[PDB]
Amino acid sequence: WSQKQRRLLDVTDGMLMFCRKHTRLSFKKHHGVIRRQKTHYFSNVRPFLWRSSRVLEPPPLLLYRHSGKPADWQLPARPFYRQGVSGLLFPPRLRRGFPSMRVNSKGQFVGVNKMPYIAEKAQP
Amino acid sequence: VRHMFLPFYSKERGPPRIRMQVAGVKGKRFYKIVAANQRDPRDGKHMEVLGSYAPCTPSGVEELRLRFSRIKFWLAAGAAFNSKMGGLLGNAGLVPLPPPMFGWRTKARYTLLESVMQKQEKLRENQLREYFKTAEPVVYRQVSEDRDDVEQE
Amino acid sequence: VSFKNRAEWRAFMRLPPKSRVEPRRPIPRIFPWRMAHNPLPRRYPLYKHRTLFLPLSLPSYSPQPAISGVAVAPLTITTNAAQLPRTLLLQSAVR
Amino acid sequence: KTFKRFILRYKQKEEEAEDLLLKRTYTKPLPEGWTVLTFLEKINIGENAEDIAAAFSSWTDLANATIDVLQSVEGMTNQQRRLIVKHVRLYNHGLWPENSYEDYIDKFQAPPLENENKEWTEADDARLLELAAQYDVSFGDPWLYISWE
Amino acid sequence: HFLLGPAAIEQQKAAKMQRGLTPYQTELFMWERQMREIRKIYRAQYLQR
Amino acid sequence: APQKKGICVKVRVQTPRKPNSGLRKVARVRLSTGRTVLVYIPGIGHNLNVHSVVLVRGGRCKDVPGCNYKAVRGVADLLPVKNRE
Amino acid sequence: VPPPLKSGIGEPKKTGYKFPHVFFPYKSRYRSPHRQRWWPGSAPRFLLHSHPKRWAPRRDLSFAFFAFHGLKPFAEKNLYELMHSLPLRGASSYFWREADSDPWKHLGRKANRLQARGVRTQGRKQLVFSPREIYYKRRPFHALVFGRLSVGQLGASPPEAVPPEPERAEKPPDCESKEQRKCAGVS
Amino acid sequence: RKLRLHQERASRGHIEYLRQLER
RNA sequence: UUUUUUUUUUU
RNA sequence: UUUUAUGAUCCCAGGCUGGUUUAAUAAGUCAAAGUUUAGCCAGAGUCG
RNA sequence: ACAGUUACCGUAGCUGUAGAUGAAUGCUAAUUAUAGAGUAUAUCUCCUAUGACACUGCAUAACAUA
RNA sequence: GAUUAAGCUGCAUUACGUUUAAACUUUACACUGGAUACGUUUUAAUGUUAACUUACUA
RNA sequence: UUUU
RNA sequence: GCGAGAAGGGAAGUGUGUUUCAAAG
RNA sequence: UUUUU
């Protein structure tokens, strides 16, 4: 999309006055050392977290040049693993197989009315 | 197979519905799409979480994460939604695109205006073609021999 | 347009005015490897090569055969983040 | 680093400037005999009638007026602000030429159908039978898609 | 492919109006009928799978 | 409570226990909860008298036996600033 | 302050309640369904508060006092009151409702509501009533009038008149339509 | 072939991810 | 602490 | 005939639960007897 | 998680030092205009307002076809 | 005389006690009531004031 | 604001 | 015609809650 | 606040 809406911008010498800076080098001037582990967690971590699993940003979608339509073959998913290890020897029996669905006395499938656990996926 | 949705329906609260929520930190609020009853509070009990919505993102493009295997399943149960919800789902292709405000037949002046904008974009393309043949980083002018840089984006 | 004073610069790069009730600021990004902490060196060795390591143990203890004559058995347990060519063949055929 | 954002901001500013120019040129003018004050007089505006009209110059500046700009004027209450924005949106779309239920069915109603008021021929009978097998009959409303074809 | 295809958009416009109803109402009711067909399709597919 | 206000009704000079010699100025301050307890007045000078309101705080004094409170300068009432410091 | 409660004519004396509603002391936002309508821009409850008991000194009593109903303004004269003075009790006549001078349409708190169209920037077909059977219970403001309801087209004359319709037979002789305001007829 | 609908393309990715994890 | 990217284990 | 130290009779006060990250070969696969912050369930009646 | 308590050795009991910051107070700073999460915080006395004007609908037979 | 019989389990001002105990908005993104209509509208929402007992910031 |  | 305690801590100890199941007015 | 010595 950026390549389609192309424009010619004229930049004069006076427009780059604020771009220049005095200091030559640059680096972090404030250590990332956290002071309060609990106070910060319940102020800037919990509100910004709405999922029970750690998921990274997915890759971008590839489109054609001429036709401008998505292609079939593209990059695969990007699963994430904690500490690199991706092996479980005794996996538990999760309840996510039938979301909001259970078995009745008759054998039929019926729903439920309950609040989902916020840490359902975070407790394997 | 209406027997399978009995539990879902609530006599005290009401029938199921799809809406959004408001949660986060002050100044950086983000929408959260969930499923709940009609009389339920905006921030409270929820049956299942369908996804989220971020109308303001650092990249400048609105993001939308949804479940394709849950939204379709819930609609079969007879779950309604607000007018705004239908528009967002229509673009994703899950449901037919709803008509905009005032309908489609009244959209007469916009059609002509859109054509003018499209024509201008095509004409602008023709202008830049010639530039590449004689691209000059530095171009002066007959005023004060002032330097003027050129850069695309 | 020439930028001379700070007032002129302020009135040229600022975003357009918006409503007071709608959200204006964006949502920050939180990486999986850093939720509420930013590790960094705080010692003499402040600039050195710090390669990322991804431990990968054996996938299966059973004896696997050779795929198309190319052996895909594990030789050593030490594996770096970069995928070895021998392992890339097994995963390619799995899909 | 500063150059990345400076270039992007400059490009966006040009897009808005060019887009606004076309909108003003293709703005729908008022009918014959309708001035700036006449538009605000037929809407049952409050006492502050001449003050609002004085701020604006012509009709183009009023139709294309945004919401933030309208708040600058002191002589505009909440009731008046929400009323003016409704009128400009209706006249632009031609939804308020003459308020009456009879005008809507005569102006915005004329769908021409190709196969309308025509007899059934030998070829038509075969076509209907073929579509019957393609779309399930005893499932939902089979007449919704076959009718369009 | 019909409801989710381009044919659905043009189908709403080609509708007969009724006395006492606004132009937007004619398209709204037509769209509502289409929304009823998609629900049955999903319900049948879910049960079969 | 972190702090509790009180009123002084007795001013005396208690001699510290041996081998610590000298004299230490103390005053019996009546807490707002209807309880009396001795309080030390650190710092040079003295301005507290009978029927004076003073704010006390925590702190133990080894030289003065029993005293387990200290006064606060400035925030208290009718307690001027130090002389030389 | 609100007007005191009064009983209409033809009703026995009742005992006044101590409080307007059950939740008088505790709650304040609750409102009773039978609340009085006296604020400007409303209408009475017909037979609950329209005709309260009328009293005056002995000196003011006269024949003309009893004829107050028949001299009411056009904006408050109902059908019952109108038919009482007409020849033959207004029998074999035509009547129609003119919804152009309602109290709420000119005055009231909510007199500037936003309609679906917006604002009014500028021959009709009004219903016609033909009273057949007339039965007066509580004169001059009460009656059980049965008549034939039909549709008719207005004329081009300055006033509101009915040229050659009624034409279609809508329904058999039924109860009256409205009890708020009515006009005269050609007869 | 040539899945034009958004729903068809969305389901394609789900199958690909599940196939890799299946052994 | 990434020119044309809104992607990047940047270090 | 019935309860009763595995607390029968009996006096005062306290309503139950969840909340994602969280360093260390206490490397938790659910934070390991008991610690919380938008939240679930639940909370009599009266105009005589 | 480490030291100190006669200048010999088991118990026992103390001072400083860690984290969690869900009170108050003292000194010094209003220093670009991208500053936040929770019961939105307790007891008692006098006086004033509320209570008939609270949201919506005339589709509550309306504005009614050359 | 005609029914003439009015001031909270709520909110606000002032005052006392205690180490401490909360008033400034074009209040219009949402949810929700009403409804034939994204046709109306409402302080329980949202955004600002702050002794920072917190994040980010050549 | 060395992006308001 | 429809909605409205959306400002409730006054009652209770084996109770209020939690957990396991069930529910074709 | 000011700004290519």
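The residue numbering used throughout counts from 1 along each chain in the order its sequence is written. It may not match the entry numbering, and residues with no coordinates are not shown. Whichever chain is written first is A, and whichever ligand is written first is 1; the rest continue in order. Shown here is a subset of chains from a larger assembly, with all values computed for this subset only. With hydrogens and water excluded, all non-hydrogen atoms of the structure serve as input to the side-chain values.

- As documented in the archive entry, the model was determined using cryo-EM at 3.29 Å resolution.

- Naming follows the PDB entry, where chain C appears as Mitochondrial ribosomal protein, mS47 of Toxoplasma gondii.
- Recorded in the entry header as its title is "SSU(body) structure derived from the SSU sample of the mitoribosome from T. gondii".

- With the PDB entry as reference, chain A is termed Macro domain-containing protein, source organism Toxoplasma gondii.

## A closer look at the pairing of strand 2 (residues 30-36) of chain B
Successive side chains on a regular strand alternate, one facing one side of the sheet and the next facing the other.
Residue and element names in this part refer to chain B.
Here is step 1: Between buried and exposed lies partly exposed: a residue is buried under 20% and exposed over 50% of the maximum accessible area for its type, with that area taken using a 1.4 Å probe on protein chains only. Secondary structure is summarised from DSSP: a helix means a run of H or I of at least four residues, a strand means a run of E of at least two, and numbering begins at the N terminus for each. Most of strand 2 is tucked away: six of the seven residues are buried.
Here is step 2: Relative to strand 2, strand 1 (residues 17-23) runs antiparallel, the two being bridged by seven bridges. Each bridged residue has a counterpart across the sheet, and for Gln-21 the counterpart in strand 2 is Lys-32.
Here is step 3: DSSP-based pairing: two strands are paired if at least 2 bridges between them are found. The antiparallel pairing of strand 1 with strand 2 creates a hairpin that spans six residues between the two strands, and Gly-24 there sits at a positive phi of about 130°.

## A closer look at the interface of chain A and chain B
Here is step 1: Of the residues lining the interface, 27 residues belong to chain A; the matching set on chain B comes to 30 residues.
Here is step 2: A simple way to read buried area is as the amount of 1.4 Å-probe accessible surface that goes missing from two parts once joined, with both sides added. Of the roughly 2900 Å² buried at the junction of chain A and chain B (both faces included), carbon and sulfur atoms supply 58%.
Here is step 3: We define a polar contact as two N or O atoms separated by no more than 3.5 Å, with the added condition that, inside protein, one atom must be a possible hydrogen donor and the other a possible acceptor, whereas residues neighbouring each other in sequence contribute only through side-chain atom pairs. Linking chain A with chain B are three residue pairs in polar contact.
Here is step 4: If you list the elements that add at least two residues to the side of chain A that touches chain B, you get strand 1 (8-12) and strand 3 (109-110) of chain A.
Here is step 5: Top contributing element to the side of chain A that touches chain B by residue count: strand 1 of chain A, with five residues.
Here is step 6: For this scheme, ten residues count as nonpolar: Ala, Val, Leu, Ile, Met, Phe, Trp, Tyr, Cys and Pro. Four count as charged, namely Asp, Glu, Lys and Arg, and the remainder, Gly too, count as polar. The residue makeup of the side of chain A that touches chain B, split by class, is 13 nonpolar, seven polar and seven charged.
Here is step 7: With five bridges connecting them, strand 1 of chain A and strand 8 (residues 148-152) of chain B associate as antiparallel partners. Pairing of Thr12(A) across the sheet is with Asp148(B), part of strand 8 of chain B. Here, two residues are considered to be in contact whenever any of their heavy atoms come within 4.5 Å of each other.

## Notes on the protein's contact with RNA strand O
Here is step 1: Neighbouring RNA strand O are the residues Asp13(A), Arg20(A), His22(A), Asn5(C) and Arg6(C).
Here is step 2: Put simply, 55% of the atoms of RNA strand O that lie within 4 Å of the protein are in sugar or phosphate.
Here is step 3: Within the side chain of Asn5(C), an N or O atom sits 3.4 Å from a phosphate oxygen of RNA strand O.
Here is step 4: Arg6(C) is positioned with one of its side-chain polar atoms (N or O) 2.8 Å from a phosphate oxygen of RNA strand O.
Here is step 5: For the surface near RNA strand O, the residue count by class is no nonpolar, two polar and three charged. For each residue, the test is whether any non-hydrogen atom lies within 4 Å of the molecule or strand; if one does, the residue is near.

## Here we look at a positive patch on the surface
Here is step 1: A cluster of basic side chains, namely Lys26(B), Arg29(B), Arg20(C), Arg24(C) and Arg25(C), defines a positive patch on the protein surface.
Here is step 2: Examined against the element boundaries, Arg20(C) turns out to sit in the loop between helix 1 (6-13) and helix 2 (85-94). By definition, no residue in a patch forms a salt bridge, and every one has over 30% relative accessible area; like charges are joined within 9 Å, nonpolar side chains (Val, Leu, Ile, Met, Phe, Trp, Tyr) within 5 Å. All accessibility values rest on the Shrake-Rupley procedure with a 1.4 Å probe; residue burial counts only the protein chains present in the view. Within this document, salt bridges are pairs made up of a side-chain nitrogen of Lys or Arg and a carboxyl oxygen of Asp or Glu, the two lying within 4 Å of each other. For the purpose of charge, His is not counted, nor are the chain termini; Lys and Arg are scored as positive and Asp and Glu as negative. For this purpose, a charge sits on NZ of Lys, CZ of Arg, CG of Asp or CD of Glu.

## Observations concerning the protein's contact with RNA strand N
Here is step 1: Lining the immediate environment of RNA strand N, one finds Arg102(A), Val103(A), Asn104(A), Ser105(A), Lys106(A), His3(B), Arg39(B) and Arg29(G).
Here is step 2: In RNA strand N, atoms within 4 Å of the protein come 74% from sugar and phosphate.
Here is step 3: Within the side chain of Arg102(A), a nitrogen or oxygen atom sits 2.8 Å from a phosphate oxygen of RNA strand N.
Here is step 4: Contact distances for RNA strand N include 2.7 Å between a phosphate oxygen and a side-chain N or O atom of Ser105(A).
Here is step 5: In the surface near RNA strand N, the residues fall into one nonpolar, three polar and four charged.

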